[PDB]
Amino acid sequence: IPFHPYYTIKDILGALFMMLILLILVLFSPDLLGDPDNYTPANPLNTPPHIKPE
Amino acid sequence: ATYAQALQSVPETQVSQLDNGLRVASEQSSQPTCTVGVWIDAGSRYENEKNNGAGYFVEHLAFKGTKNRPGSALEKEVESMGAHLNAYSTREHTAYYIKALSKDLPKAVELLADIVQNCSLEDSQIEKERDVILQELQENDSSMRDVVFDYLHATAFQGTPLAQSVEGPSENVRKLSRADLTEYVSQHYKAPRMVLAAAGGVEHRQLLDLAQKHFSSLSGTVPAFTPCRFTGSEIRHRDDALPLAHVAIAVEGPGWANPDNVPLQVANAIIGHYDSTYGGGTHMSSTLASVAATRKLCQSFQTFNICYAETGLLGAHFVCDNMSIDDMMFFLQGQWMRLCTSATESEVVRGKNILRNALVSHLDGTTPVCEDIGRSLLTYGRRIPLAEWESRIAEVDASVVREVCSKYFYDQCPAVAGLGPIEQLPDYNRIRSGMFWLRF
């Protein structure tokens, strides 16, 4: 089937759903996945309790 | 001799009406040859799912034998005096007409009176005609244009008797008992739904005398069709082995009434027609024709205005290779919207001249004149004089064409029918989106 008539609006819906989730995260639980320890000046004199990546 | 004088010099077609309801019409001008024909209001539009194809079978058996004239003797009487007998049965009309000499008019009616009223319907003739119809259905299967048009009718009038083909399904043709044929003749060959047209050198008084003497015994003094519906769809028969790709796209147009036919027939005349074997080609006024000739984008294209009583199909049918269907769709749709949005006066004048030539060229010769008389009496209820046609053409201008095209073309769901290597045919969503212009 041609891409324009169908697989544009479907991708539009997908991108809208992705935006729904993404603004839910941004606007209700901003620092959800991020570790709170980032909100602290980087002091090389103190190792954090647990060093973990994303 | 300034056209208008010639238009008013055309002899008029007097119309009379017998008690039975047969509408007798004649138009004598000079000729020693005449075309006399009975037009019935029967056809595939009236037959139900089981009677589909009965009209075709009746037309086939009409000439084979009658009651008064047993079998081939009928043909003898037609051949001995040089007359040419013919019959055609479209979806909503049937017609049996003979071309004969002016002298043979008294006989000419009689044979016709034998054919329409008292046929033979011999069982063995039915048995052989069944095989004849099956083979003819195969021939029509080989007819790619006719197959495409039948597909268009099926997909446009879906769920209505109009979608039924004239010949009927092959399964029906097998059963088709003689009782069904007799019933169909009884309830579809009645006197009120008959027009006895006669062109050429026939006197209306003589025609009335012969019709009264030969048609009085017919039924003197009920399913009468129903408004069909348009179902914008498409049927795609992907058959890649076929050489060319026949495509036909149509929209709901007007009927036999609804004078919008006159402007629309102008607009279609603007699009015109063209195939491989033509003249100027790239120099043709039609933008679609010029582009197709310049880029060799087609092997044929045509604009059709099939109009039934309650509705009709108005559109274009083109024949092109498998690698030019999409470009054809673009250009045809673009021409449609160009007419809808900005028609211009010069294009409308060209269309008016073309349509003026169409009617006068068509209404030449005894047979086309008689056919026009019958069709006009059945459909319009009257034979429209050429002067009235000229006036209706004159009243058409650019604004009227733009308005009617916007009414019938702009933003409408079309009915499409493709056959052959039609895989490049744009998806129905693309086709429908082509029927509205964002710029406008």
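So what's the net charge close to B:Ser124: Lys and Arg +1, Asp and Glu -1, counting the other residues with Cβ under 11 Å from its Cβ?
Around B:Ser124, the charge tally is 0.
Quick check: residue separation of B:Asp275 and B:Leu438 times 0.36 nm, minus the Cα distance between them. What number comes out in nm?
Stretched fully, the B:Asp275-B:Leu438 segment lengthens by 55.5 nm.
Between the range B:240-299 and the range B:324-392, what's the alpha-carbon centroid distance in Å?
The distance from the Cα centre of the range B:240-299 to that of the range B:324-392 comes to 13 Å.
Determine ³J(HN,Hα), in whole Hz, for all residues of the range B:7-15 in sequence, where each value follows from phi through the Karplus function 6.51 cos²θ - 1.76 cosθ + 1.60 and θ = phi - 60°; x replaces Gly and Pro.
Values, residue by residue: 4, 7, 8, 5, x, 7, 9, 5, 10 Hz.
Count the net charge of all other residues whose Cβ sits under 11 Å from the Cβ of B:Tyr380, scoring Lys and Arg as +1 and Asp and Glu as -1.
+1
Which FRET efficiency, nearest 0.05, do B:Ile384 and A:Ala15 yield, Cβ-Cβ r, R0 41 Å?
0.10
Which ³J(HN,Hα) values in Hz, rounded to whole numbers, follow from the phi angles of the range B:187-200 under the Karplus curve 6.51 cos²θ - 1.76 cosθ + 1.60, where θ = phi - 60° and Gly and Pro get x?
Coupling constants for the range B:187-200: 9, 10, 10, 8, 4, x, 8, 9, 10, 8, 8, 8, 9, x Hz.
Taking only Cα atoms of the range B:56-199, what ratio of Rg to Rh do you get with Rh as the Kirkwood inverse-distance radius?
Taking Rh as the inverse mean 1/r over Cα pairs, Rg/Rh reads 0.98.
Please order B:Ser143, B:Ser324 by the number of other Cβ within 10 Å, starting at the fewest.
Least to most surrounded, the residues fall as B:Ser143, B:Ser324.
Once amide H atoms are built 1.01 Å from N in the peptide plane, which residues 5 or more positions from B:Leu313, or in another chain, come under 5 Å H to H?
Amide H neighbours of B:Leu313: B:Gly253, B:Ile306, B:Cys307, B:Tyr308.
Taking the alpha-carbon centroid of each part, what is the distance from the range B:50-95 to the range B:136-211 in angstrom?
The two parts, judged by their Cα centres, are 12 Å apart.
So which GluC sites (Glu not before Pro) in the range B:48-135 end up in coil per DSSP with only 15 or fewer other C-beta atoms within 10 Å?
B:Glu49
Using each residue's phi in the range B:338-344, evaluate 6.51 cos²θ - 1.76 cosθ + 1.60 at θ = phi - 60° and report the 3J(HN,Hα) Karplus result to the nearest Hz, with x for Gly and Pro.
Calculated HN-Hα couplings, in order: 5, 5, 5, 8, 8, 7, 6 Hz.
Test of understanding: ordering A:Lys52, B:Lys190 by Cβ neighbours within 10 Å, fewest first, what list do you get?
A:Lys52, B:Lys190
Sequence-distant or interchain residues sharing an amide H contact under 5 Å with B:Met194, placed H: which?
B:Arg23
Cut-off is 10 Å between beta-carbons; in what order do B:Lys50, A:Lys10 appear when sorted fewest neighbours first?
Lowest to highest Cβ neighbour count: A:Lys10, B:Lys50.
Determine the alpha carbon to alpha carbon distance for each of B:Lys190/B:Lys213; B:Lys99/B:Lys352; B:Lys76/B:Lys103 and list only those over 21 Å.
Long pairs (Cα-Cα over 21 Å): B:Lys99/B:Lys352.
FYI, it's all coordinate maths here, none of it is from the lab. In this analysis, Cβ positions are derived from the backbone assuming ideal geometry, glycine residues included, and neighbour counts consider all displayed protein chains.
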